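A short worksheet on the structure shown next.
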Amino acid sequence: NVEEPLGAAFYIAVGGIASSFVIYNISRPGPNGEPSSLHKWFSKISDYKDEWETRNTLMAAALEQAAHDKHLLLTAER
Amino acid sequence: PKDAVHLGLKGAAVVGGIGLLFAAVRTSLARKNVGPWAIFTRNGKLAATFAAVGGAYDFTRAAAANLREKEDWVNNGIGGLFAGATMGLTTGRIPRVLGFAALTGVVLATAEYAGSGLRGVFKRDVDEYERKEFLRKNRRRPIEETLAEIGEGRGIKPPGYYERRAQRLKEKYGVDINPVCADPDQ
Amino acid sequence: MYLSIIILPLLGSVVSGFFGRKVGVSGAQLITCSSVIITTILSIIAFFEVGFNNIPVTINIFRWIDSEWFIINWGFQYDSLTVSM
Amino acid sequence: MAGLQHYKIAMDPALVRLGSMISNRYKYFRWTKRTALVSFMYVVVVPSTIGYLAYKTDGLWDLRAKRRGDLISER
Amino acid sequence: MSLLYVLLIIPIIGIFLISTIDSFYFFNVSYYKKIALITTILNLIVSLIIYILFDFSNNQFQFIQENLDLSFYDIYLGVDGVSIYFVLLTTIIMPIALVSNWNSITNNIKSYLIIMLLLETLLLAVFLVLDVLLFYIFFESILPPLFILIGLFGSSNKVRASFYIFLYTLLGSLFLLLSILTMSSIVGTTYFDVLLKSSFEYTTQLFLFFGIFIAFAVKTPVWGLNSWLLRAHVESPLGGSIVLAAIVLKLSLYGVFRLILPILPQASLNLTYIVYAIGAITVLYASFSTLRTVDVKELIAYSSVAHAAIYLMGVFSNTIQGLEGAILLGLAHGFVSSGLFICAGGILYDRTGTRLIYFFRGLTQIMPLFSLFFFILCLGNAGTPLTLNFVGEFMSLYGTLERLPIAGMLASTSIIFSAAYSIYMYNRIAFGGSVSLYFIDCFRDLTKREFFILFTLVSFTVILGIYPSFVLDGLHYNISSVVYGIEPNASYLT
Amino acid sequence: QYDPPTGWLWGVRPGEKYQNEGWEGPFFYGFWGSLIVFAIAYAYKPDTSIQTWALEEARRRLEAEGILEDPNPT
Amino acid sequence: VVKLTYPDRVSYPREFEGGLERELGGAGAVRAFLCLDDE
Amino acid sequence: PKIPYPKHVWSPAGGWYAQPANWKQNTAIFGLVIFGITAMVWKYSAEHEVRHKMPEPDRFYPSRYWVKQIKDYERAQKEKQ
Amino acid sequence: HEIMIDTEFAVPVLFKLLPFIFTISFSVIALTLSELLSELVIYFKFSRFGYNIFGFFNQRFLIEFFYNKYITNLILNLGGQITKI
Amino acid sequence: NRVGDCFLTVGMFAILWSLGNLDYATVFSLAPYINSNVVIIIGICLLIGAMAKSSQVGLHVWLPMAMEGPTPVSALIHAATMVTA
Amino acid sequence: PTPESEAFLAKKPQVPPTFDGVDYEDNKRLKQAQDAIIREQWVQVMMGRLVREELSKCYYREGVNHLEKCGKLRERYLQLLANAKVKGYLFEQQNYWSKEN
Ligand SMILES: CCCCCCCCCCC(CCCCCCCCCC)(CO[C@H]1O[C@@H](CO)[C@H](O[C@@H]2O[C@@H](CO)[C@H](O)[C@@H](O)[C@@H]2O)[C@@H](O)[C@@H]1O)CO[C@H]1O[C@@H](CO)[C@H](O[C@@H]2O[C@@H](CO)[C@H](O)[C@@H](O)[C@@H]2O)[C@@H](O)[C@H]1O
Ligand SMILES: CCCCCCCCCCCCCCCCCC(=O)OC[C@H](COP(=O)([O-])OCC[N+](C)(C)C)OC(=O)CCCCCCCCCCCCCCCCC
Ligand SMILES: CCCCCCCCCCCCCCCCCC(=O)OC[C@H](COP(=O)(O)OCCN)OC(=O)CCCCCCCCCCCCCCCCC
Ligand SMILES: CCCCCCCCCCCCCCCCCC(=O)OC[C@H](COP(=O)(O)OCCN)OC(=O)CCCCCCCCCCCCCCCCC
């Protein structure tokens, strides 16, 4: 008459389904289009309005000049 | 044109003469007293083999040049093919025949395509700064040059593809191109 | 109902196979048969709902594969033939 | 036998000998009429055949939005 | 200190702590393994933080740090869509590789962990460098740690294996180096943002293509250049094998996106019928050969050859679908082949001490958890749907068929033979009679460790198999940049 | 008649408890743990895929024709 | 045997008014029998 | 008779003749978990079913009671005169 | 492609009831060939013509002997040649 | 069956190649309008896939070999539901 | 028309979809040109996605009458299927063409 306990697999699956239902509902933008409190944080931190555009441009121009200086030295008349 | 037999004889002589050199060193480095006439007795095969490879090589390239009526890298590889084949024939092993032919024909062909500087690379005698700058900034080219190398279709559909597409199909299949309208009202 | 016909045999198969130790032999037979019977009954209604009154039912849940032109969704569609079979 | 003790297996000598012969077989390959033909069939002909068909038919067709009165042949 | 540089620094700190902790505490080996595991966990945590901040539709390289102190050989790091998922796959896989060997090393544990941690920094550097020479420097830097890993911890034939993987890779890479040096000479620089802007002449592109393709064919590997994989991936330690198959095979795939698609598009278009003949040949010859392979890890190693041919055919399709399928199949093969090597090299080889398939039979009877995961991994290796392996195979094969139908049909036939060799192996091991009479001792089923390194791998493939959008959303705009062609009425707007 | 469910999970005999090798801590809380935390943050992540940006433009450009209906005409 | 012994069609093909051209998709699709060649 | 079987093998499907003494209880808890998901799915399918045709009032269409698209239509259609 | 109208009217009555005639007839020969005659069939079985027919149909037209040998084992030998040569 | 699915997979490639997607409401909305040769290429492929899953004379050898399973499996999967896919 | 959302402000191409007039030395403007090429291609293709979507609703709504009522929606997709395809910027960046040829 040994009894089999439910175990941890049952709780993880039910908890995972319950958590998935809970997390999805609270993450919705709501009836209005205004984002959530936590939605605005993840946009403020990842702003990079032109930061990658600025940094990349200077790097490309600097290395283009650097390639130019070597081209001058490497092709100088003997 | 060129004299295939005359060039081969010069080919046979030049690299056979070095074989005669290597044959004398073997005779000189021979331990037992074999006298001076072992240059052609015990090592005559060595000098003979060299004279054969050099003859086969210069004959065939000259011959390949006559047959193709051209002078390019193909002929030295072909020359090296029989040159390599000749050395393999001395061992009497078919894989040795093919493999040494393959080795020689490949090295001697990439040597002529690339033009190894062992005698000196060709000097451009131009502003070498300018060639690099042109190659560096030639970032946009006329579409015709690309169309010559890559052709039409295979996802490369320049403006005006559909008009010439119908013309090509009419010339080959004799079928007019006219897709049907998908609207009943039209 | 239309999407319950989908998941009910799935749930019955997951519990019986991954928890046959928990429900035991009779527990598994009770769930698979019950889930299939409940699913079977709902199909009979769907035959009336779709086949007899001629309402095809479209149900789209979420995109499966989305590349440029291919938009394959986990979408289900009830018409006369699928309720016949 | 290995670094970490495993279970006791009935290591059959015949099967052990078979699995060693396979691992050592490369050392005994030789060029013969048979081995040259098979090695030439698989490495050259069949690949060059596919390369011929791939080359010959590259661009021959496009299926995109083809209709009645319009062929599939592209070249 | 950019997040990308943080990725390369954490595994180096772990090396420092591993090799100095004895001066602060005879230290226990468990300590070293815990330092190494946490080190890889924090590296995974950083790669997840980057992914949250990553933007899916930017043509600028992201999370780049300005150097401006130019030298001859500087290391610039940056990430976009094509590199973001390879970085994630490296950070997910390496913790699993560490756990997969937790109990099976037992000697030179410090050396194993330091080598494993160094390999993480190098492989990540490969996917993050923004320069073509920088790419080569890291693609090759991993050979000596790989050479010493196999020799220190490999099986009986690890000497021949370590030589094969070192010399094959070097010889091919030397031809790739020649092609790379020609590019830097003409352009003056190998930086991505300015080398892609350049335009090489057709015959230059042709000779640049051979040099690069010879290296990528040794690393794919293509059939006939794959002896090194048969030896190395089998003779390697289990962790080595996981890293070798799930990460190192991908470098040539990621390298096709950065070294030939943008700069050699004419050569790629005009030579596809040669790539496809080799790709078609590899799909058939490998599939037939693995059907007759008797070493279980070599069978699983040989499957990698067949699948690598499919995503190699995808990257040369010039289509949006083929390129997305190629990355998704390369990612899918990373999880599934990792699980199959844990099943073979970790579970079976630790119990029996042998890898010959002749000795296994009926393992399902005593080991139902192993068989449950083994079957799901045998389904995924067969391209069964709801695995990320199907989405990648279908998209990769669709591009191959559209670019060139004769190769698509032949590559399609892999749907039969992958199933054929995967299920046939599965039956001779898990099914096919009762438990093999060669086993004297009974076997235990999966330990908690084995269950959770397999459950994790089968979870990733299945969830990504049901919602591949997680990965495709961050590939759509960047994949678009590598396509070469124009439409008749969309080109040249005015 | 039926047998009571038997078997040793993880090989643990009924007498004793599963012993920890030390990987369980970092793996269950560092590896999987961070993998659920990341999943939560992914629900709040802004949508920057090219497709949704393009569907919005495709919508208006279709609303300029008769295929779609403008919610806010003129 | 069947080729030498099989019954000829015992009914003229049915004709639909207007050919059902609009209902089947306009002139760009396949329509039905409408005052067409005998068969 | 019943075939002998190893007692040391743990299978989640239960094994050879597994039937726990608490099988009735566990079969009820799992049924409730099964029921709740179906309710969750039924609520979803009521909300997102799409129909371009509306059933006639007299016909046996039991879905009109729980679906939103028909209920909104019938509620609006009740306003006559 | 509609042929249903001719099915109800154009078809001749003889062919419409023809399957029933064969069904209700050939049953009696089969029912008479057993428990009534019961040896006409064995006489056919032990002839050389019947023995070859019986096996061919019992061996399912041999579409599995040529499959196993000229399709399945061909691939197995192809794999053998590639691994060994 | 996997042989049939290869032909079926190729068939969906031909749908995707010609129509942009393989959703039912699109394929059948454009069916009367596409190249007749395309439809043959399309049509043949899924018939071969249909040939495998319904045991047609070419790929037919699995259904009787598939009678090695328990009898209800033979009744349900191999006699009334899947063979009708 | 649908109002332009805040998201569809930070990713609007400030430049036309072309490479004429772009100085390839200047990185910002070339990158903007490549951005304009790709986004136009994707915008044109999601039109097909919406047309495909509408045709689906039309097809079911019309049933057997789909061959006669959904005609306008059928052709619009077919035109888009004929033209729209993300082909990248790389060809147009590397190959100038002129209509007056
Ligand atoms: C799984 C498939 C199951 C089997 C179904 C096959 C159904 C039939 C399809 C056959 C098909 C589809 C492509 C198959 C692969 C595409 C995608 C693969 C599958 C995607 C998943 C392959 O047909 C190809 O066959 C080639 C053979 O060489 C020919 O190429 C060229 O051959 C030489 C010149 O003809 C060149 O010298 C050579 O240089 C080329 O090479 C061409 O005929 C054609 O390209 C197209 O067939 C159709 O082609 C067209 C033009 O002919 C025909 O139209 C006709 O043209 C007029 C004169 O013809 C007639 O007056 C007119 O009445 C009619 O308008 C059709 O009647 C039909 O024939
Ligand atoms: C695509 C990859 C898989 C994705 C889905 C993953 C599972 C999702 C849920 C599937 C339904 C539940 C299946 C439970 C099966 C019974 C549980 C079990 O494994 O027992 C082991 C059983 C043990 O059951 P047992 O109780 O009889 O064990 C004791 C007796 N012995 C040990 C002798 C057997 O082991 C086996 O006998 C079979 C070994 C292989 C197990 C394969 C089970 C199916 C696995 C999922 C198949 C998914 C199909 C996906 C189709 C894809 C479609 C495109
Ligand atoms: C092997 C599985 C294969 C799956 C393939 C993909 C699915 C296709 C087959 C299933 C078809 C139906 C899928 C389920 C549809 C409904 C999901 C659901 O539960 O939605 C309800 C919940 C809230 O509804 P909401 O989305 O907010 O509606 C308003 C939004 N406009 O919406 C939610 O977001 C809640 C999410 C809850 C968690 C998911 C529930 C899944 C239900 C099925 C579980 C199956 C696995 C069982 C695991 C073991 C259980 C013991
Ligand atoms: C981002 C750019 C990075 C550039 C490189 C920066 C440095 C990278 C690492 C280079 C080498 C660092 C070595 C770190 C370990 C040094 C500390 C140490 O002493 O470890 C000792 C360890 C175990 O030995 P021990 O514990 O003393 O003896 C116990 C016997 N019961 O013994 C060992 O750990 C030895 C481990 C095996 C050898 C290492 C793996 C092969 C390396 C080949 C070296 C040549 C190539 C170098 C490549 C550098 C990275 C590209």
Side-chain angles (χ1 to χ4, degrees), chain D residues 2 6-29 31-75, chain J residues 1-62 65-66 68-69 82-85:
Chain D
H6 46 87
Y7 294 113
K8 290 176 209 113
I9 319 281
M11 274 306 210
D12 180 51
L15 301 189
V16 157
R17 219 192 279 101
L18 178 43
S20 68
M21 183 278 289
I22 302 155
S23 81
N24 308 132
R25 156 186 306 269
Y26 69 97
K27 312 201 296 233
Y28 302 96
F29 180 85
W31 282 129
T32 64
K33 285 272 131 78
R34 176 198 158 87
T35 65
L37 178 54
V38 196
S39 297
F40 179 91
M41 269 335 298
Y42 281 115
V43 179
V44 202
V45 190
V46 152
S48 73
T49 290
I50 316 272
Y52 177 82
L53 258 80
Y55 184 80
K56 211 70 208 153
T57 65
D58 207 22
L60 205 50
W61 301 295
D62 164 73
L63 283 285
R64 190 33 71 96
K66 296 283 146 133
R67 321 198 207 181
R68 264 153 44 75
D70 196 334
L71 319 90
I72 303 167
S73 289
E74 211 46 273
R75 189 138 25 100
Chain J
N1 266 298
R2 268 262 167 154
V3 171
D5 321 324
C6 148
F7 284 88
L8 186 44
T9 278
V10 161
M12 291 166 291
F13 292 165
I15 302 175
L16 275 178
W17 195 354
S18 69
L19 296 193
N21 94 346
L22 42 71
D23 305 11
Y24 290 140
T26 309
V27 170
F28 310 149
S29 72
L30 309 182
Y33 294 116
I34 83 189
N35 194 313
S36 325
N37 281 241
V38 153
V39 193
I40 300 168
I41 290 180
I42 304 268
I44 292 290
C45 269
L46 55 166
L47 181 89
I48 304 195
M51 156 174 311
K53 263 220 187 296
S54 288
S55 289
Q56 302 315 274
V57 60
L59 305 151
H60 70 277
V61 169
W62 71 275
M65 295 179 64
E68 274 254 29
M82 161 191 180
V83 283
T84 78

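No hydrogens, no waters, no symmetry mates; every other heavy atom, side chains included, goes into these values. We name chains A, B, ... by the order of the sequence lines, and we start the count at 1 in each one.
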Exceeds 12 heavy-atom contacts within 6.0 angstrom, atom CZ of J/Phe7: no
Distance-only donor-acceptor screen, chain D against chain J, under 3.5 angstrom:
{"residue": "D/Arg64", "atom": "NE", "partner": "J/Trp17", "partner atom": "O", "Å": "2.6"}
{"residue": "D/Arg64", "atom": "NH2", "partner": "J/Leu16", "partner atom": "O", "Å": "3.3"}
{"residue": "D/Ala65", "atom": "N", "partner": "J/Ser18", "partner atom": "O", "Å": "2.9"}
{"residue": "D/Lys66", "atom": "O", "partner": "J/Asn35", "partner atom": "N", "Å": "3.3"}
{"residue": "D/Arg68", "atom": "N", "partner": "J/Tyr33", "partner atom": "O", "Å": "3.2"}
{"residue": "D/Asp70", "atom": "O", "partner": "J/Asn35", "partner atom": "ND2", "Å": "2.5"}

Please say whether more than 12 non-hydrogen atoms of neighbouring residues, nucleotides or ligands are located less than 6.0 Å from CE in D/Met21. yes
Nearest-0.5 Å distance that lies between atom CG in J/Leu30 and atom CD1 in J/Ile15: 11.5 Å
Reported CG-to-CZ distance for the pair J/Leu8 and J/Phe13, which is rounded to 0.5 angstrom: 10.0 Å
Output side-chain donor-acceptor pairs under 3.5 Å for residues 40-51 of chain J, partner residues at least two apart or in another chain, one line each.
none

Distance (rounded to the nearest 0.5 Å) between D/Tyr52 OH and D/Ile50 CD1: 13.5 Å
